[PDB]
Structure formats: C-alpha cells, structure tokens
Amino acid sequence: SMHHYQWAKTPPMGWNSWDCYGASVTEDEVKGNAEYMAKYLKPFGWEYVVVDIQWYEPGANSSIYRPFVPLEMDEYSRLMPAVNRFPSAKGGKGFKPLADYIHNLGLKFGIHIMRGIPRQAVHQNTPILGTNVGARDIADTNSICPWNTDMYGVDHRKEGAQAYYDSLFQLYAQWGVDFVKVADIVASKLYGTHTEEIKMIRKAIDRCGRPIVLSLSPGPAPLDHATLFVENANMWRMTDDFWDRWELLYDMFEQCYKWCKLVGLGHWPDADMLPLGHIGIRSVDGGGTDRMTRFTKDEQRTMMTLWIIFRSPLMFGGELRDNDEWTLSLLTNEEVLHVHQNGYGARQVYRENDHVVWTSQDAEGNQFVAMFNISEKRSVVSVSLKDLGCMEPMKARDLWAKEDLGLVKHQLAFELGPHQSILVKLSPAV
C-alpha cells in the first residue's frame, strides 16, 4: 500500500554511534566504523552508518546532555553539524561530504533528529525556509521533551509548520541522508505519542524526493497506535533504551510477543540497538562505563537469536574496530541471517516456566526454531514437531554452529543453561 515500504523490504541493518559514543561521536569515528562495515560486514547485509543524537552540539561529551546550550544552526532554523566534531562540514556543507564518502564505500548514511524546532530558533525568531513566518510562530507553547532541552514541538495547525519539516528533509536529502531516527516522538512521560508530527514528518519525507527510511524512538511504542506506526514508519522502538543488562533482555521476549503481528515488509517493530562489543566509551548510560558488553556469550547469542527470528532491525552499537573474533562472528553467519532476511510468520509457540520457543519459516519450506531458556536453572527445553506444524520426521540443523543434528522423530529437545538459546532449521528428512 505505502510506497515507502519498498525502502525497507528487509529490516534495516547497520551501526549507530549512541551506545559507544553517546551524543559525542566525531567524523573520524564514524569514518572508521563505516570502513570496518565496508570491509567485513557489507556482504552480510550491514549497510547503514548512523550518526546519533546531537551532532549539532559542539560540546557534547557524553550520553548526558549539556542543557540549554547553543547549538549549530543555519539561517533557516535548521540544525547543522558541529564543525569541530565534523571538520568536513566546514563552509556550510553539512553532512554531504561524509555521506558521499559513506556512499562511495557502498553504504548508507543515517542521522538522528529530535522532534520539533530548536528552542533557540524560537527565542530568536529565526526564519523558516520558503515562508515569511518565523520559528516562533510555529512552535507549540506546551510541548517539550522531558529528557532533552534542544527543541520545542511544532504545532501542525500553524502556517509554516509543514514548511519547516519539508525544509529539514530537503536539507537531509541534499546531504544524501538515507535514514532518519526521530526521537521524542513515540513515548513521552509528559505527552504520549506525537501523532501529528509523525504525520508531518511522513509528508516531508515523501516530498523531499529521496528514499529516507523512518525510524521512531524511544519506546515503549503503544499498541494502540499500531496502525499509525505501520502505515507511517519503517521502524519504531518497542522499548525504552536497551542496554547490556539481562533484565532488559528478559523483558524483550514479551514485547516481541506483543508486536509479532505487526511485523512485515517495510514496517519493523524495533527491539533497539545491539549493545555488543566495546561500548560506553563516551556513554555513561545503562549503569556502565567504558567496557566490553556485560552480556555473557550465551546472552549475546540469545539476543541475536531473538532479534533475528523476530526480524528486528539490527543496529550494532559497539565501536566496530575493537571487535574481537567472537563478536564479529555474531554478525557474519549467513545461515542465521537468512532467517532475518527471508523468514516470515514468526510467532511464540509457547512460553512456560521461563522456557520460550519461537518459530518462523521461509518460502522454500524451511522451518526455523528458536528455543530459549530464560530461567535461572539449566533444563531441557523441548517442543513437539506437532506444535510446530510438522506432521512427519524432519532433519535438524544448528544454524549458529553450522552443524547437522540429524533426524528428529517427535520433538526438538536440548539441554540449555540459564539464559542460553539455540536456533535450528528443520527440513524434510531422507
């Protein structure tokens, strides 16, 4: 139905600067992560290089924002990259040089934006491109983000509002942006879901003439607005910010269950960025500091396995260049990725005593089974072939291990440690 679905036929895969560098990533760091992606990851589907929040804030240095500070901005109330952090933006060029480079590696470029219009634009009453009204005239008088002070909300009822959003995406399209992550737009302690601005953004993107994938954050996204999100966004966060803490991983199983019927081509409920590898370099969120992920290997696999079978977007959050061989291996298994790229129909077969089984399939008849022990005790996790919809014996294969497992006659069953999972492919026997 919606033409923008075609811009994310499979769930976006990429890297994002938040979990490693907070609000404070530099051009060099972005370039380095992109080169690593081009060399090691691109053949496996990884393509978006996403510069997260506050690229326009020259003093940023953490995940903790510096409030009420001046921001880099043009003459039409549009935020611009901080030239100290992004030297190629010198001379009003913005992100075009960086995006060109990223494109020339065969990759795509993404940026984060905050909903609304900068508070400094409203206070100075700076202009809006393509109209005579000023920033001050389109601002909402009672709309802010509770966790960031950079913007005021824009009031769609005002003349000039749509013109401002159109102008942002004209700029982003000039730069060659392929992906935008909009924040303060879905969940808000204060206001709930900013529906009208979602619609203005959809329209601005559609008018800008370039394919720009739309990601919405933070969650929890309400199910009440499922139609709105399905029709307007290519991805939307199911959850508040995800981090390397078991509790949050445990909690994702329920959210996936809740959203599984809205997952489809072009429209991807989002389990959030993968806190893997080296994170917290200039971030202080998630209760950690400079570290390798606190997920155990079993946990890392369990996460990847859930996000894969569910078909969450996959946005690696660590500094890629500090990957070890284990971490890289999680990203380069073609057999596992097939489940994410070509699987469909994922569903929870059952959840009982903190054992969970999910299943999906491909069009070639392969069935994929993810089996999870999310309890604190080692146990056998099993599922009958009948509950999977398989009426005869099947062959099984362990996709992470790339190992044939042999014939299965009545049930799949595996000993799994606490927090441990397995991902299996079933195919006809003999």
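Start at 1 and count along the sequence shown; that's the residue number.
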Taking the deposited Cα B-factors and averaging over 285-293 and over 336-344, the higher mean is found in 285-293
Of 408-416 and 6-14, the stretch with the higher mean C-alpha B-factor in the deposited entry is 408-416
Max C-alpha B-factor within the set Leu314, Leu214, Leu331, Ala187 falls on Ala187
Top Cα B-factor in this entry, restricted to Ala34, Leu388, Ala396, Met371, sits on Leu388
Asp362: C-alpha B-factor third of its chain, per the entry, is the lowest
Among the modelled residues of its chain, the C-alpha B-factor of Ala204 falls in the third labelled middle
Of the three thirds of the chain ranked by Cα temperature factor, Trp307 occupies the lowest
Here the Cα B-factor of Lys181, set against its chain, lands in the third termed lowest
Binned into thirds over the chain's modelled residues, the C-alpha B-factor of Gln255 lands in the lowest
